[PDB]
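**Q** Just one file: input_2.txt, with compact mmCIF, C-alpha atoms and all ligand atoms.
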```txt
# COMPACT_ATOMS: atom_id res chain seq x y z
CA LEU B 7 8.03 20.41 -0.88
CA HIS B 8 4.46 19.37 0.07
CA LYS B 9 2.68 16.02 -0.01
CA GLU B 10 -0.74 16.12 -1.69
CA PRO B 11 -3.38 13.46 -1.87
CA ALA B 12 -3.99 11.02 -4.67
CA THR B 13 -5.68 7.65 -5.04
CA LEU B 14 -4.49 4.62 -6.98
CA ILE B 15 -6.28 3.97 -10.21
CA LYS B 16 -3.98 1.22 -11.55
CA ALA B 17 -0.41 -0.05 -11.38
CA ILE B 18 1.42 0.22 -14.65
CA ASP B 19 5.10 -0.69 -14.22
CA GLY B 20 8.12 -0.18 -11.97
CA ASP B 21 8.30 3.57 -12.32
CA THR B 22 4.88 4.62 -13.67
CA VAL B 23 1.46 4.43 -12.04
CA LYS B 24 -2.06 5.74 -12.80
CA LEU B 25 -3.36 7.90 -9.98
CA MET B 26 -6.31 10.18 -9.50
CA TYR B 27 -4.92 13.64 -8.58
CA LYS B 28 -7.21 16.64 -7.94
CA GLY B 29 -9.99 14.38 -9.17
CA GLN B 30 -8.40 13.67 -12.57
CA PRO B 31 -6.83 10.44 -13.88
CA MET B 32 -3.14 10.93 -14.63
CA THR B 33 -0.14 8.78 -15.36
CA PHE B 34 2.72 9.60 -12.96
CA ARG B 35 6.37 8.95 -13.72
CA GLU B 36 8.52 8.73 -10.63
CA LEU B 37 11.25 11.36 -10.33
CA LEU B 38 14.95 10.52 -10.26
CA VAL B 39 14.65 6.79 -11.04
CA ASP B 40 14.77 4.30 -13.89
CA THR B 41 13.38 0.81 -13.57
CA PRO B 42 14.04 -1.94 -16.18
CA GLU B 43 11.25 -2.24 -18.75
CA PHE B 50 8.92 -5.16 -17.95
CA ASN B 51 10.50 -7.04 -20.83
CA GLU B 52 14.05 -6.67 -19.32
CA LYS B 53 15.97 -8.28 -16.45
CA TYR B 54 14.42 -7.29 -13.05
CA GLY B 55 11.62 -5.48 -14.96
CA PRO B 56 8.95 -7.85 -13.76
CA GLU B 57 10.31 -7.64 -10.19
CA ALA B 58 10.31 -3.86 -10.32
CA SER B 59 6.70 -3.78 -11.58
CA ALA B 60 5.63 -6.19 -8.92
CA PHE B 61 7.33 -4.23 -6.19
CA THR B 62 5.71 -0.99 -7.22
CA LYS B 63 2.31 -2.63 -7.71
CA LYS B 64 2.33 -4.12 -4.22
CA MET B 65 3.53 -0.97 -2.55
CA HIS B 66 0.76 1.07 -4.13
CA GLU B 67 -2.02 -1.55 -3.72
CA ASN B 68 -1.27 -2.25 -0.07
CA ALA B 69 -1.14 1.46 0.86
CA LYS B 70 -3.94 2.97 2.89
CA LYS B 71 -2.86 6.42 1.70
CA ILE B 72 -1.03 7.48 -1.44
CA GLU B 73 0.51 10.96 -1.71
CA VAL B 74 2.29 12.80 -4.45
CA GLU B 75 5.01 15.39 -3.92
CA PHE B 76 6.00 17.63 -6.79
CA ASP B 77 9.46 19.05 -6.89
CA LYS B 78 10.35 22.73 -7.66
CA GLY B 79 10.39 22.45 -11.44
CA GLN B 80 8.47 20.82 -14.20
CA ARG B 81 5.39 18.99 -13.00
CA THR B 82 4.56 17.22 -16.23
CA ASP B 83 6.89 15.72 -18.85
CA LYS B 84 6.66 15.89 -22.61
CA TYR B 85 4.25 12.90 -22.67
CA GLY B 86 1.89 14.53 -20.19
CA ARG B 87 3.03 12.36 -17.28
CA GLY B 88 3.09 13.89 -13.88
CA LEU B 89 6.57 14.02 -12.37
CA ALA B 90 6.57 13.40 -8.64
CA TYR B 91 7.87 11.65 -5.59
CA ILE B 92 5.19 9.12 -4.62
CA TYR B 93 4.54 8.01 -1.00
CA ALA B 94 2.74 4.92 0.20
CA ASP B 95 1.72 5.32 3.89
CA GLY B 96 4.52 7.84 4.31
CA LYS B 97 7.24 5.70 2.64
CA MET B 98 8.69 7.07 -0.62
CA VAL B 99 8.21 4.51 -3.39
CA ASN B 100 11.02 6.05 -5.48
CA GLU B 101 13.52 5.63 -2.59
CA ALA B 102 12.28 2.08 -1.76
CA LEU B 103 12.81 0.91 -5.35
CA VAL B 104 16.37 2.24 -5.42
CA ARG B 105 17.07 0.81 -1.94
CA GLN B 106 16.04 -2.66 -3.18
CA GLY B 107 18.26 -2.56 -6.24
CA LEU B 108 15.17 -2.48 -8.52
CA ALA B 109 15.86 1.04 -9.93
CA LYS B 110 18.88 3.13 -10.69
CA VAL B 111 19.07 6.84 -9.86
CA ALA B 112 18.58 8.46 -13.26
CA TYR B 113 17.11 11.41 -15.08
CA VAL B 114 18.45 13.96 -12.63
CA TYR B 115 17.50 17.29 -14.05
CA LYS B 116 18.51 20.62 -12.41
CA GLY B 117 15.55 22.08 -10.45
CA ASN B 118 13.74 18.80 -10.00
CA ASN B 119 16.37 17.08 -7.89
CA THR B 120 15.46 17.79 -4.28
CA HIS B 121 15.77 14.14 -3.20
CA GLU B 122 18.86 13.27 -5.25
CA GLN B 123 21.18 12.72 -2.38
CA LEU B 124 18.70 10.68 -0.40
CA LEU B 125 18.25 8.39 -3.37
CA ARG B 126 21.95 8.15 -4.15
CA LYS B 127 22.55 7.03 -0.60
CA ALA B 128 19.90 4.30 -1.07
CA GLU B 129 21.59 3.21 -4.30
CA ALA B 130 24.94 2.95 -2.58
CA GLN B 131 23.45 0.74 0.08
CA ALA B 132 21.75 -1.54 -2.51
CA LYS B 133 24.95 -1.79 -4.43
CA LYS B 134 26.99 -2.65 -1.32
CA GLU B 135 24.40 -5.38 -0.63
CA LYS B 136 24.67 -6.63 -4.21
CA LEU B 137 20.87 -6.50 -4.45
CA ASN B 138 19.05 -7.36 -7.62
CA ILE B 139 20.34 -5.09 -10.41
CA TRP B 140 23.65 -4.90 -8.48
CA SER B 141 23.96 -8.70 -8.18
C1 LIG B 201 11.93 10.79 -15.12
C2 LIG B 201 11.81 11.77 -16.28
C3 LIG B 201 11.67 11.32 -17.60
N1 LIG B 201 11.55 12.23 -18.60
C4 LIG B 201 11.51 11.81 -20.02
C5 LIG B 201 12.95 11.64 -20.52
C6 LIG B 201 12.86 10.41 -21.40
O1 LIG B 201 12.62 10.88 -22.76
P1 LIG B 201 12.66 9.81 -23.99
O2 LIG B 201 11.29 9.15 -23.99
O3 LIG B 201 12.79 10.71 -25.18
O4 LIG B 201 13.76 8.81 -23.73
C7 LIG B 201 11.70 9.62 -20.86
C8 LIG B 201 12.16 8.42 -20.05
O5 LIG B 201 11.00 7.82 -19.42
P2 LIG B 201 10.82 6.27 -19.30
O6 LIG B 201 12.01 5.70 -18.52
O7 LIG B 201 9.47 6.18 -18.61
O8 LIG B 201 10.81 5.71 -20.73
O9 LIG B 201 10.94 10.53 -20.09
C9 LIG B 201 11.56 13.60 -18.33
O10 LIG B 201 11.50 14.43 -19.29
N2 LIG B 201 11.65 14.07 -17.07
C10 LIG B 201 11.81 13.21 -16.03
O11 LIG B 201 11.96 13.67 -14.89
CA CA B 202 11.81 3.01 -17.18
```
Can the structure in the file be given as structure tokens, please?
**A**
Amino acid sequence: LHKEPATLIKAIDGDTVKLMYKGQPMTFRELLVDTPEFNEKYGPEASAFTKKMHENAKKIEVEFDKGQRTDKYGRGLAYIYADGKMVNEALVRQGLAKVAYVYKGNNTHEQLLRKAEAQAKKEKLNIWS
């Protein structure tokens, strides 16, 4: 997989963000995670976490997996990196997302994220409290 540039246009919620990619505004949905909806328990915390991580980044990058690059709603499907740190992984590691939506052919980082989830759960963090 390859990291490619993007710039933040606007935070949306814990697992979606609006980024400019190849010069075009897109909504991106983070691969392999599910955050609570803003209206649900830990939803606001997840949104806040993602918003900060993107806003504080000097450099945002997107990394497509091997399969589908856009979902049925037109959202880009990617692993997102803030100054080299994968946002998807960081959410799961903090107990603010569950590993989810693991489709065959877009699951390169599954094990990495499952390891994060196990550590969050052992720590009883957030969703695992
Ligand atoms: C993360 C992800 C979501 N989706 C679709 C499945 C879900 O369909 P449904 O909308 O029919 O439930 C939806 C979940 O996204 P959200 O968690 O953003 O709602 O997005 C994909 O198709 N591929 C993906 O990799
Ligand atoms: Ca969600």
**Q** Identify which of the residues B:25, B:112, B:125, B:92 lies closest to ligand CA 202 (chain B), counting only C-alpha atoms and all ligand atoms when measuring atom-to-atom distances.
**A**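 Between B:25, B:112, B:125, B:92, the residue approaching ligand CA 202 (chain B) most closely is B:112.
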**Q** Applying 10 Å and only C-alpha atoms, which residues near residue 23 in chain B remain after dropping the ones on its own chain fewer than 4 positions away? List them as a PyMOL selection string.
**A** chain B and resi 14-19+32-36+59+62-63+66+87-88+92
**Q** Please check which protein, DNA or RNA residues sit within 10 Å of ligand LIG 201 (chain B), counting only C-alpha atoms and all ligand atoms, and write them as a PyMOL selection string.
**A** chain B and resi 19-22+34-43+77+79-90+111-116+118-119
**Q** For range 94-108 of chain B, work out the shell of residues within 7 Å, counting all atoms listed in the file and skipping chain neighbours fewer than 5 positions away, then give it as a list in words.
**A**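 The contact residues come out as residues 36, 39, 41, 54, 58, 65, 66, 69, 70, 71, 72, 73, 125, 128, 129, 131, 132, 133, 137, 138, 139 and 140 of chain B.
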**Q** Report, in Å to a single decimal, how far apart CA of residue 26 in chain B and CA of residue 56 in chain B are.
**A**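 We find that CA of residue 56 in chain B and CA of residue 26 in chain B lie 24.0 Å from each other.
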**Q** So that I can look at just that part, could you write range 9-36 of chain B with N, CA and C atoms, as an mmCIF file, in the first residue's frame?
**A**
```cif
data_model
loop_
_atom_site.group_PDB
_atom_site.id
_atom_site.type_symbol
_atom_site.label_atom_id
_atom_site.label_comp_id
_atom_site.auth_asym_id
_atom_site.auth_seq_id
_atom_site.Cartn_x
_atom_site.Cartn_y
_atom_site.Cartn_z
ATOM 1 N N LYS B 9 0.983 5.639 0.781
ATOM 2 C CA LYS B 9 0.375 6.842 1.326
ATOM 3 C C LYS B 9 0.350 7.895 0.230
ATOM 4 N N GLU B 10 -0.741 8.630 0.173
ATOM 5 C CA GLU B 10 -0.895 9.719 -0.822
ATOM 6 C C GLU B 10 -1.360 10.969 -0.074
ATOM 7 N N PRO B 11 -1.029 12.137 -0.596
ATOM 8 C CA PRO B 11 -1.416 13.324 0.098
ATOM 9 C C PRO B 11 -2.902 13.615 0.078
ATOM 10 N N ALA B 12 -3.300 14.346 1.099
ATOM 11 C CA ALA B 12 -4.612 14.981 1.172
ATOM 12 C C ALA B 12 -4.515 16.123 2.180
ATOM 13 N N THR B 13 -5.464 17.056 2.117
ATOM 14 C CA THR B 13 -5.566 18.093 3.100
ATOM 15 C C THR B 13 -6.947 18.086 3.767
ATOM 16 N N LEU B 14 -6.974 18.444 5.021
ATOM 17 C CA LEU B 14 -8.246 18.501 5.753
ATOM 18 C C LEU B 14 -9.105 19.589 5.167
ATOM 19 N N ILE B 15 -10.357 19.260 4.888
ATOM 20 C CA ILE B 15 -11.352 20.296 4.645
ATOM 21 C C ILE B 15 -12.209 20.479 5.901
ATOM 22 N N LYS B 16 -12.695 19.393 6.520
ATOM 23 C CA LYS B 16 -13.492 19.607 7.744
ATOM 24 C C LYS B 16 -13.672 18.255 8.440
ATOM 25 N N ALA B 17 -13.530 18.234 9.752
ATOM 26 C CA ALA B 17 -13.961 17.133 10.573
ATOM 27 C C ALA B 17 -15.438 16.898 10.384
ATOM 28 N N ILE B 18 -15.844 15.637 10.429
ATOM 29 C CA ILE B 18 -17.259 15.315 10.428
ATOM 30 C C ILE B 18 -17.628 14.565 11.705
ATOM 31 N N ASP B 19 -17.184 13.314 11.835
ATOM 32 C CA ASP B 19 -17.401 12.571 13.079
ATOM 33 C C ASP B 19 -16.277 11.573 13.388
ATOM 34 N N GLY B 20 -16.518 10.545 14.206
ATOM 35 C CA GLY B 20 -15.401 9.754 14.654
ATOM 36 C C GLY B 20 -14.761 8.944 13.551
ATOM 37 N N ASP B 21 -15.520 8.594 12.544
ATOM 38 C CA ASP B 21 -14.911 7.745 11.496
ATOM 39 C C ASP B 21 -15.064 8.280 10.058
ATOM 40 N N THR B 22 -15.527 9.527 9.921
ATOM 41 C CA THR B 22 -15.650 10.169 8.634
ATOM 42 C C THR B 22 -15.064 11.555 8.730
ATOM 43 N N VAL B 23 -14.460 12.006 7.642
ATOM 44 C CA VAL B 23 -13.777 13.282 7.546
ATOM 45 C C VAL B 23 -13.891 13.739 6.081
ATOM 46 N N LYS B 24 -13.920 15.071 5.904
ATOM 47 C CA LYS B 24 -13.872 15.675 4.556
ATOM 48 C C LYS B 24 -12.484 16.163 4.244
ATOM 49 N N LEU B 25 -11.905 15.558 3.206
ATOM 50 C CA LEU B 25 -10.531 15.828 2.805
ATOM 51 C C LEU B 25 -10.497 16.225 1.348
ATOM 52 N N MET B 26 -9.491 17.029 0.987
ATOM 53 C CA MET B 26 -9.262 17.283 -0.416
ATOM 54 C C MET B 26 -8.212 16.269 -0.905
ATOM 55 N N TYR B 27 -8.565 15.458 -1.909
ATOM 56 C CA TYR B 27 -7.723 14.400 -2.434
ATOM 57 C C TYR B 27 -7.680 14.576 -3.969
ATOM 58 N N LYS B 28 -6.458 14.588 -4.503
ATOM 59 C CA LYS B 28 -6.203 14.935 -5.910
ATOM 60 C C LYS B 28 -7.000 16.181 -6.254
ATOM 61 N N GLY B 29 -7.023 17.140 -5.328
ATOM 62 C CA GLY B 29 -7.631 18.433 -5.651
ATOM 63 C C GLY B 29 -9.158 18.507 -5.613
ATOM 64 N N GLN B 30 -9.789 17.403 -5.192
ATOM 65 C CA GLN B 30 -11.245 17.309 -5.114
ATOM 66 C C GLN B 30 -11.742 17.032 -3.706
ATOM 67 N N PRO B 31 -12.839 17.696 -3.314
ATOM 68 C CA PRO B 31 -13.396 17.492 -1.960
ATOM 69 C C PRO B 31 -14.074 16.115 -1.930
ATOM 70 N N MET B 32 -13.740 15.296 -0.939
ATOM 71 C CA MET B 32 -14.374 14.018 -0.773
ATOM 72 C C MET B 32 -14.665 13.764 0.688
ATOM 73 N N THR B 33 -15.742 13.054 0.982
ATOM 74 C CA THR B 33 -15.857 12.449 2.301
ATOM 75 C C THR B 33 -15.112 11.118 2.319
ATOM 76 N N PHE B 34 -14.289 10.870 3.352
ATOM 77 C CA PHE B 34 -13.624 9.614 3.576
ATOM 78 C C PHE B 34 -14.179 8.906 4.766
ATOM 79 N N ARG B 35 -14.499 7.635 4.617
ATOM 80 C CA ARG B 35 -14.865 6.739 5.701
ATOM 81 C C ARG B 35 -13.690 5.838 6.013
ATOM 82 N N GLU B 36 -13.313 5.833 7.264
ATOM 83 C CA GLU B 36 -12.133 5.063 7.680
ATOM 84 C C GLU B 36 -12.405 3.576 7.569
#
```
